[PDB]
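Enquirer: Quick one, fold the following:
(chains A, B, C, D, E, F and G)
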Amino acid sequence: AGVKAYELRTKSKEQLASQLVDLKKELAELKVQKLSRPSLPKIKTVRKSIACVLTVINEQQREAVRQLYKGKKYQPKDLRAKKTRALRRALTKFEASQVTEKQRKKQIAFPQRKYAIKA
Amino acid sequence: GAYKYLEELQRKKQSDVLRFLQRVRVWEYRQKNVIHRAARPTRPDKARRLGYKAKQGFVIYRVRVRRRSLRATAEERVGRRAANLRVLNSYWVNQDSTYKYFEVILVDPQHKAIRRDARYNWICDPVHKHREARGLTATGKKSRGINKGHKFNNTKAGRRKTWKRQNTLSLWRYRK
Amino acid sequence: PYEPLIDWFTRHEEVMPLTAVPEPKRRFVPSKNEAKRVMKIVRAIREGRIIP
Amino acid sequence: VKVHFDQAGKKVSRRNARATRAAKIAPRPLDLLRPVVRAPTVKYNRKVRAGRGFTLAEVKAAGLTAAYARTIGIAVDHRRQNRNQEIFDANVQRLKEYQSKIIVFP
Amino acid sequence: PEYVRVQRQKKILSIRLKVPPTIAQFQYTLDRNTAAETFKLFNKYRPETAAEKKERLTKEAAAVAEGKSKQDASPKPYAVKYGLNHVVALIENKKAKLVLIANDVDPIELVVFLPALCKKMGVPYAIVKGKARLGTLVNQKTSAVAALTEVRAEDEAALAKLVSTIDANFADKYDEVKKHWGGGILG
Amino acid sequence: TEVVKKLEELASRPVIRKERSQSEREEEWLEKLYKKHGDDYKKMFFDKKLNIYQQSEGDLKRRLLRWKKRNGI
RNA sequence: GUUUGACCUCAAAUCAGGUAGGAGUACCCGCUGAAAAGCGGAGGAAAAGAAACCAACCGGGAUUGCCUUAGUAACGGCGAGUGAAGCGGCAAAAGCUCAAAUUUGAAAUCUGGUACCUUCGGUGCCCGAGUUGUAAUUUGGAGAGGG
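Expert: Numbering: from 1, shown residues only, chains lettered A, B, ... in the order given. I have put the structure below:
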């Protein structure tokens, strides 16, 4: 008796916004019904429906923003990774794997060899 | 190269030309703030042997201190002011009866030249936060007195450390 | 006080340099590092990353 | 006040280290090839000992370079000086025996 | 403002006080026509820009890319020399035929040995006015030094008479007053 | 001993190695020198054209012998 | 030329991109300090660390930690008591980078923007930074030029 998520993935944004308007009107009616009602199960369903509608709308907006910012060598901070303090900072892998050219020539000239003793 | 000329000329401080430049520059810096940004090292050879490179990510501050040490406090001032920067090192340039002047090299770990270029990328490590606050600089290690030699004994902080050696007792599972 | 500067050391002129540093090979021949940059551009054009 | 309750435990952990390091170093020994070196201090001058590293000149007398010898797992000390003949010769024989028993993968 | 106040108060406190004679050799500098002909000389020997360099590189690289390996021939590049350690490096061989020295450097002590050094090495130095004018002839912002060693045969006779001109105009005129303590007169 | 023998075979196993060849421009340069002077080295050492890097007396020999073993006997 | 322009300095930007703060704080490192408290700064460890060392020997060989040295040396109204270190045995082991003479036959170096691409980045182009020196090579154990 409730909405599905995947059904809302197919819809256009105006269909989702009109569905939202419908659910808010349904909520406004169910409040008038619920001020007479001791227990109405339908309002608990429709608030979850409003939540899922907002989920699908926000998700489509965010993925549209990601697609328009896809090519650039930048991003809005909220769209970036969250990870923590200082995993933002202080190194990338490339900035840690980076080595001078002299030690590069040294490792080319004398790498750490593989040997087996007592043979 | 010309750096040997600058060093040997730098060793003769009370010579007439150097005291002339010193006497002009102390008044000139007296016009400015306590702490400010210098465009370039006035003693470039000393900055080289302390580790300066002329590229982006190297900031030179000039700092004024009243007559801990004076040099380490001078490093602590610009460490407090430019927190994003990491303090490389510092050196004396000039002094007055009222103030001594120091010239401090700080390095930004945010600039991609510093984040690459593996001679200097070690300073991007968060263990190098505020080396002057822990006395991890050159003047900090001198005032801590950390070298090798019988002249170097238990001094102040290490004294509490060896007080710690007298304060704690060690027991094994089988008593010896 | 003040007095004019004595030029005792300038007035003798060195007929020779200080250092007996041997002359390098690369000062006489066309520059190698130039040519390495040339071959870099050649490899980029062979891959078509640089248009003539 | 401190009691080494972990004396049993840490050894286990240490052998775990001696296991785990060995896992990465699977053919090679955990330790390098150290010199046999006679001790100072007349109380101990009859005692021979494990030393830190050999020297440049000794490794050259073995017939290889120290920069390569560090890749072979031979500990090298530059700041030591070889001053006794028999120490030098015995450590050269040690280097030769170590060279005899290794097989190196390309 | 403060910075206008200081930059006007600067050069007052200098001239008010006795400058040492190893300074004020500067601003005893080259006159108008001789500096003009010196610039006419050095603009004949401009170094190659990065754009012109990369352009010639692309030309010869497209040549080898066709291959069309045209020949292996180029005499040498001749240009001015402008790196300060490189300028000092060209002395103590000696290789510097002419050196221009800027009067204004804010770390003056970078420069102060160079007149005495070219004096003892016998190099025909001349103190030029303004390191920006040095940087213009060498595609830098400033240069503060300008050494010149290699000259074509078309220009070599002009070089020698310019050297004699400078040694007449600089070494004869200002040599004794170089020894004297400049400034000291109040403002 | 057995697995020692297996690793001794593996380290004793020669890897499939490649001979370090020559580059086409410089072997063509050597080919120009081979036809200009022939085989003699004192003439080609004091050659200005096509020896502008002024190669060492014997480096010339080494590169020509490598080129001959590669091509042209 | 009363013009125009190089610089250099200093401002301004609702310009672009970044970063500092606070909490906690067992362990660590600095500063201050009584009869500890406090302050400042970090990390999973921190610090220290590759001898201007220790020795006096048939010499040893970065640092760290454990056992011993040892309650010894030494200090102390030589009173209260205070209180090491070399060596040895072990755990663990690892070494490296600058700054000095020119690449001068070509600043060869890098940030940033943009266009693409296989995106902890790559390539191209263009601004810049930089000779008041960014690259390669060389840190005494030498090393460099050549042959």
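Enquirer: Going by C-alpha atoms from here, please, whenever you check contacts or count neighbours.
Expert: OK.
Enquirer: Now the closest residue to chain B within chain C: closest residue in space that isn't a chain neighbour?
Expert: Nearest residue of chain C to chain B, counting by Cα to the nearest Cα: residue C:2, 10.1 Å away. Distance criterion Cα to Cα, 6 or more residues apart in numbering or on different chains; nearest residue to residue C:2, sequence neighbours excluded, is residue E:181 at 7.3 Å.
Enquirer: pretty sure that neighbour is in contact with residue C:4, am I right?
Expert: Yes: with contact defined as Cα atoms under 8 Å, residue E:181 counts as touching residue C:4 (6.6 Å).
Enquirer: Name the residues contacting each of those two.
Expert: Both residue E:181 and residue C:4 are in contact with residue E:21, where contact means Cα atoms under 8 Å, 6 or more residues apart in numbering or on different chains.
Enquirer: Tell me which of these two has more neighbours.
Expert: More crowded of residue E:181 and residue C:4, by other Cα atoms under 10 Å in any protein chain shown: residue E:181, with 20 against 14.
Enquirer: Next up, the contacts around the more buried one.
Expert: C:2-4, E:18-21, E:24.
Enquirer: Put the buried members of those into a PyMOL selection.
Expert: Provided next is the PyMOL selection string for whichever of those are buried by 16 or more other Cα atoms under 10 Å in any protein chain shown:
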select buried, chain E and resi 18+19+20+21+24
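Enquirer: Run a quick neighbour tally on residue E:71.
Expert: Neighbour tally, residue E:71, other Cα under 10 Å: 8.
Enquirer: how about residue D:37, secondary structure?
Expert: Under DSSP: H, G, I helix; E, B strand; the rest coil, residue D:37 falls in the strand class.
Enquirer: and it, what does it touch?
Expert: Per Cα under 8 Å, 6+ apart, neighbours of residue D:37: D:48-51, D:87.
Enquirer: Any of the residues you listed buried? List them.
Expert: D:51, D:87.
Enquirer: Output the contacts of residue D:37 in JSON lines; the columns should cover secondary structure and distance to residue B:81.
Expert: Formatted as JSON lines, the contacts of residue D:37 follow (DSSP: H, G, I helix; E, B strand; the rest coil; distance: Cα to Cα, whole Å):
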{"residue": "D:48", "secondary structure": "strand", "distance to residue B:81": "58"}
{"residue": "D:49", "secondary structure": "strand", "distance to residue B:81": "55"}
{"residue": "D:50", "secondary structure": "strand", "distance to residue B:81": "52"}
{"residue": "D:51", "secondary structure": "coil", "distance to residue B:81": "50"}
{"residue": "D:87", "secondary structure": "helix", "distance to residue B:81": "59"}
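Enquirer: which one among the contacts of residue E:181 gets closest to residue B:112?
Expert: Closest approach to residue B:112 among those (Cα to Cα): residue E:24, at 43.2 Å.
Enquirer: ok, residue 7 - how many residues close by?
Expert: Since you didn't name a chain, this refers to chain A. Counted with other Cα under 10 Å, residue A:7 comes out at 8.
Enquirer: actually it's chain C I care about, not the one you picked
Expert: Neighbours around residue C:7, by other Cα under 10 Å: 11.
Enquirer: Sticking with it, tell me its helix or strand.
Expert: For residue C:7, there is no helix or strand it lies in under DSSP states H and E.
Enquirer: what do you get for residue A:26?
Expert: Per DSSP H and E: helix A:13-34 holds residue A:26.
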